[PDB]
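Residue numbers (the authors' numbering), protein chains in the order written: chain A, 10 to 471, 482 to 552; chain B, 8 to 31, 37 to 51, 63 to 472, 480 to 552. Don't be surprised by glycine CBs; every beta carbon is placed ideally from N, CA and C. Below: one structure, written as structure tokens.
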Ligand SMILES: O=P(O)(O)OC[C@H]1O[C@@H](O)[C@H](O)[C@@H](O)[C@@H]1O
């Protein structure tokens with residue numbers, strides 16, 4: 010009896026959240042349709058069948074997935090659970106070999122997999138009863154990241170499994186995951202180049218790189234130069250959290266598969282472009298790690314710029330991965346480096362109710378830090394398509410809501426309807442929930458009147484990490500940052516980053532839970548952005 | 008009044024019960045138990072208002088005109104002292120009974136509106152006269168002037184709205200009779216005349232009739248009604264097209280590849296083939312309604328939101344059309360359905376033997392102006408087809424690069440009946456696996472969110495806007511598009527293709543549509 014009340018109460022709060030994000034102006038009809046979407050979301054789940062949707066090419070050669078730092082935090086929370094989810098869906102070959110590689114000694118190996126790895130398997134994956142069947146593919150290798158001799162032994166271990174493959178293709182494909190700090194990558198790749206390359210008889214090698222790719226142009230070019238003598242770009246897969254989201258991948262399709270959007274994607278129709286990233290959480294007591302990164306290096310240099318490239322890129326000659334990336338780097342060469350006056354920075358303080366402590370109230374943050382936890386800036390693309398178009402990138406910690414979306418405003422509708430209408434908007438939201446809607450003006454369906462009584466109406470339309488790993492198995496480099504793409508990305512931000520490190524610009528304080536500095540919203544308004552709400 | 012208050016309710020209840028019972037009693041018992049559980064601007068009140076419905080004894084007035092007037096009062100859109108006068112040819116010595124047994128019978132939703140029905144009929148009076156007697160219109164004017172002077176308001180006089188629910192052969196006499204006997208008082212008041220039935224059958228026939236009414240009423244007083252010009256989605260065409268930059272920038276020949284305006288009905292002529300045989304499907308709906316839609320689609324941006332500014336642009340684009348010719352038209356005539364439920368058109372006894380009247384017609388129009396040059400506009404209408412469907416389908420040119428056969432052409436659909444809908448068909452990638460991104464699917468982008483069209487038309491007439499009313503110049507330019515073709519049809523140069531009822535029509539129709547820039551992918 011006591012258990013009944015919790016479920017009905019837990020459901021309505023989810024129902025309340027949905028009717029507040031979609032904002033349907035016919036209140037009654039939406040809740041009925043939205044409610045039926047989540048009824049099948051929790052129920053109707055069984056553990057009877059595992060349909061492997063793998064291509065005939067994937068089962069031809071043995072596959073080996075090596076996760077370096079398997080005892081680490083990133084491997085246990087995200088890397089291994091995603092491999093489990095991929096396996097649950099039947100996306101791994103039946104004879105996949107997974108090897109955990111770490112420095113740490115582990116006795117009672119099976120206890121560790123069940124007590125450490127299985128512990129972080131998610132409740133949403135808990136409807137999997139074949140977890141024991143999945144762990145059968147996992148083995149543990151204790152070695153150092155600097156020993157070519159250990160890699161020769163690892164190679165003997167992988168070769169044992171590779172030669173035991175019951176398929177036509179010989180050799181074996183090897184996907185290496187570096188769930189490690191960036192200071193180790195050059196050492197592991199040198200060691201992998203000398204000790205654990207794929208067999209000469211057949212098999213490719215691919216390396217996934219996770220942690221930040223430097224902190225400036227020089228740091229990244231030094232790091233990219235360390236790996237060039239070992240791996241080309243068809244082998245290096247620089248991963249990104251957002252590129253795997255379906256709505257971000259769909260931007261290429263919504264823009265270029267449709268003439269309606271194609272014809273207005275220029276300066277002659279587009280008036281203001283905004284790419285916003287909002288989080289409710291602060292630094293959560295680990296502000297010391299963030300003090301050396303800043304909000305710009307964290308999410309604006311890599312993720313938001315990755316988004317901005319997909320919006321402004323020219324038409325690729327084809328849908329091939331590197332053809333798409335070429336246009337991605339080419340538009341990133343049409344940008345001007347961000348300047349000091351085109352940037353407004355912020356740093357969050359304690360909340361009004363005191364629930365969220367300030368950034369400087371953290372003991373791990375150095376005293377007198379000018380590290381930004383908020384930044385809004387305008388970029389300029391100098392080409393025939395985007396000349397004069399404002400591109401606003403915004404990122405902020407401990408703000409009024411967690412919200413990640415694109416909001417494009419089209420050119421002001423030149424007076425056939427006057428003030429009765431406003432600017433058209435195209436919205437692409439990826440977080441908290443996927444949604445893509447267009448805001449246009451229609452007449453109010455009550456009476457004809459003067460036809461000046463109109464209303465703004467929206468035209469709605471409804482895991483990332485694991486899909487990206489699969490693209491790596493599938494060899495889809497479309498959603499991975501390229502070397503030239505990374506260096507030209509860095510050249511946009513480094514002059515400003517150097518000015519930030521020398522103290523030329525300092526963040527404006529703002530209480531947690533607000534939108535941020537008052538000057539930021541003014542700066543956005545001063546750069547072609549207007550709203551009527 | 009301890010007896011009249013009981014009797015008035017008892018009379019109001021039973022008169023509602025009679026209207027509803029159409030089938031072969038026990039229903040009156042069920043309805044009583046259902047009814048047992050059932051528990063304006065200052066300018067509008069400045070002058071008296073008088074609504075005259077000519078031809079009240081006709082089918083159109085009793086079924087459609089007066090029931091719609093009831094809805095205007097239910098919505099609270101009529102002034103509290105409005106005076107409605109029913110004018111008809113036949114004398115009926117059933118003064119109060121006729122209002123309850125004939126007019127109320129066709130009122131809708133009598134299970135909630137039967138308590139304001141008695142207050143509505145109190146505004147209705149009946150005048151029996153001839154449509155040709157200046158003396159009678161003098162007597163009618165003397166009845167109206169008494170109520171006008173009995174108005175408790177600052178402004179004197181009164182406004183008079185005349186409705187001609189009559190065949191067109193009676194219009195010239197009634198407008199002449201109004202001009203000599205029942206014009207508004209010299210102290211104040213406007214006059215407006217609503218005209219419904221077809222305005223001739225060609226350019227000349229329409230021209231003779233338009234010349235007949237000019238010596239009696241100008242264009243600010245003549246409100247030529249059109250059923251669809253008041254439709255919510257058709258009225259919305261002007262807003263969605265110009266209030267939004269997204270649509271404005273693609274509304275030309277550079278982005279648009281084919282436009283289709285389709286009107287589909289499942290019923291045949293329903294044993295009334297004799298009346299339709301002399302009209303044809305082109306004059307019935309294609310010359311007036313579909314072209315009224317077509318005018319709103321191809322009009323340029325009006326200089327303002329003023330009514331005549333919009334109608335000027337409505338006329339200006341209809342003058343850029345070339346008259347439809349014989350090779351750009353496929354006609355059809357329906358035969359008995361495959362299920363036998365719908366008898367053939369020639370199976371009607373009221374239809375002449377060997378008749379070539381079209382029950383189906385698709386034709387292409389060419390608009391020669393900068394915005395639409397080369398854009399095919401297909402107008403299609405058909406009786407006794409696979410479904411009742413009335414919509415606009417604009418197909419844009421798909422840029423193949425860089426998606427090729429993985430994408431198709433974007434579509435804009437605006438449906439007004441049977442159900443309101445405005446959606447865009449685009450291709451997005453399938454939200455499954457990333458794969459090659461060539462795995463896409465065509466997804467439609469639907470629009471999310480008193481009512482009836484006829485009622486709104488009357489109000490716009492009461493408000494005096496005239497945006498949604500056919501203009502004199504607009505009518506002449508509309509006919510000159512269709513008249514050369516109708517003459518070739520009336521001379522037998524083109525003959526309809528037989529097709530069984532329930533199908534899409536003749537197979538040659540779909541070929542003609544396919545041969546003019548329109549593609550399907552299913
Ligand atoms: O005018 P019709 O074709 O007889 O049908 C009723 C129509 O009347 C209109 O005025 C209504 O808005 C529509 O709901 C409907 O399409």
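Which chain A residues sit within Cβ distance under 8 Å of residue 449(B)? 263, 266, 267, 269, 270, listed in chain order.
So, with DSSP's three-state summary, where would you put residue 163(A)? Helix.
Looking at chain A, which residues of the region 406–427 of chain B have a Cβ within less than 7 Å of any of its Cβ atoms? Going along the region 406–427 of chain B in chain order, one finds 419, 420, 421, 422, 424, 425, 426 with a Cβ nearer than 7 Å to chain A.
Name the chain A residues that come within less than 7 Å of residue 255(B), Cβ to Cβ? Chain order gives the chain A residues near residue 255(B) as 454, where near means a beta carbon separation below 7 Å.
Helix, strand or coil: how does DSSP classify residue 384(B) here? Three-state result, residue 384(B): strand.
Am I right that residue 253(A) and residue 486(A) are in contact with their C-beta atoms under 8 Å? What's the rounded C-beta distance? Residue 486(A) and residue 253(A) do touch by the CB rule: their CB atoms are close to 5 Å apart, below 8 Å.
Using a Cβ-Cβ cutoff of less than 6 Å, which residues in the same chain neighbour residue 213(A) once the five nearest sequence positions on both sides are dropped? 182.
Quick check: the Cα distance between residue 100(B) and residue 498(B), rounded to an integer number of angstroms? Roughly 18 Å separates the two Cα atoms.
Report whether the distance from the Cβ of residue 440(B) to the nearest heavy atom of ligand 1 is below 6 Å. Answer for residue 440(B): yes, Cβ within range of ligand 1.
For the region 317–338 of chain B, list every residue whose C-beta sits within 7 Å of some C-beta in chain A, in sequence order. The residues in question are 324, 325, 328.
Are the C-beta atoms of residue 472(B) and some chain A residue less than 7 Å apart? Interface annotation, residue 472(B): in contact with chain A, CB-CB separation under 7 Å.
What are the residues of the region 487–502 of chain A that lie near chain B, defined by any Cβ-Cβ distance shorter than 9 Å? Taking a C-beta cut-off of 9 Å against chain B, the contacting residues of the region 487–502 of chain A are 487, 489, 490, 493, 495, 497, 498, listed in chain order.
Is the distance from the Cβ of residue 430(B) to the Cβ of residue 450(B) below 7 Å? Yes, they are a contact pair.
Between the beta-carbon of residue 352(B) and the beta-carbon of residue 547(B), is there less than 7 Å? Judged by beta-carbon spacing, residue 547(B) lies beyond the 7 Å limit of residue 352(B), meaning their Cβ atoms are not closer than that value.
Beta-carbon proximity of residue 248(A) to residue 284(A), cut-off 7 Å: Their beta carbons are not under 7 Å apart, which means residue 248(A) does not touch residue 284(A) by this criterion.
May I ask you to check if the CB of residue 484(B) is nearer than 6 Å to at least one heavy atom of ligand 1? Flag set: Cβ of residue 484(B) near ligand 1.
Spatial neighbours of residue 55(A) in its chain, beta-carbon cut-off 8 Å, leaving aside the 5 residues before and after: So the list reads 136, once near-sequence residues are dropped.
Within its chain, find whatever has a CB closer than 6 Å to the CB of residue 67(A); leave out the 5 residues flanking it on each side and keep chain order. The residues are 102.
Cutoff 7 Å: residue 273(B) Cβ touching any chain A Cβ: By this cut-off, residue 273(B) is an interface position.
Between residue 388(B) and residue 526(B), how many whole angstroms is the CB-CB distance? I'm expecting something under 8 Å. Rounded to the nearest angstrom, the Cβ distance from residue 388(B) to residue 526(B) is 20 Å, too far for a contact under 8 Å.
7 Å Cβ shell around residue 225(A) - same chain, five flanking residues per side excluded: Sequence-distant partners of residue 225(A) (beyond 5 residues in either direction) whose C-beta falls short of 7 Å from its own C-beta, in its chain, are 509, 513, 516.
Which partner residues of residue 287(B) appear in the DSSP bridge assignment? Residue 287(B) pairs with 405(B), 412(B).
Interface flag, residue 545(A) vs chain B, CB-CB below 7 Å: Residue 545(A) does not count as touching chain B.
Test: residue 259(A) CB closer than 7 Å to a CB of chain B: So yes, residue 259(A) belongs to the interface.
Neighbour flag for residue 60(A) against chain B, beta carbons, 7 Å: Contact with chain B is absent for residue 60(A), since none of that chain's Cβ atoms lies less than 7 Å from the residue's Cβ.
Taking 7 Å as the cut-off, decide whether the C-beta atoms of residue 286(A) and residue 404(A) are in contact. Contact annotation: residue 286(A) and residue 404(A) have beta-carbon atoms nearer than 7 Å.
Please compile the residues from chain A whose C-beta is within a distance smaller than 9 Å of the C-beta of residue 457(B). Under the 9 Å cutoff, chain A gives 253, 255, 258, 486, 487, 489, 490, 493, 495, 497, 498.
If you count every other CB in all the chains shown that lies within 10 Å of the CB of residue 307(A), and 16 or more means buried, which is it? When all chains shown are included, residue 307(A) counts as buried.
Residues of the region 102–135 of chain A in Cβ contact with chain B at a cutoff of 7 Å, in chain order, please. Contacts with chain B (Cβ-Cβ distance below 7 Å) from the region 102–135 of chain A involve no residue at all.
Rounded C-beta distance between residue 425(B) and residue 496(A)? I'm assuming under 8 Å. Going by Cβ atoms, the distance from residue 425(B) to residue 496(A) rounds to 16 Å, so no, they are not a contact pair.
Would you kindly report the start and end of the unbroken alpha helix (DSSP H) that includes residue 390(A)? Element bounds for residue 390(A): n/a, residue is neither H nor E.
Residue 343(A) versus 364(A), 325(A), 318(A), 407(A), residue with shortest Cα-Cα distance: Taking only the C-alpha atoms, the option nearest residue 343(A) is 318(A).
With 16 other Cβ atoms within 10 Å as the buried cut-off, status of residue 219(B): Burial call: buried.
Going by the DSSP bridge assignment, what does residue 446(A) pair with across the sheet? Answer is 436(A), bridged to residue 446(A).
Taking the alpha carbon of residue 402(B) as the point to measure from, which residue in 466(B), 325(B), 309(B) has its own alpha carbon closest? Nearest of 466(B), 325(B), 309(B) to residue 402(B), Cα basis: 309(B).
Quick check on this structure: which residue in 26(B), 445(B), 447(B), 76(B) has the alpha carbon closest to the alpha carbon of residue 148(B)? Ranked by how close their Cα comes to the Cα of residue 148(B), the residues 26(B), 445(B), 447(B), 76(B) have 76(B) in first place.
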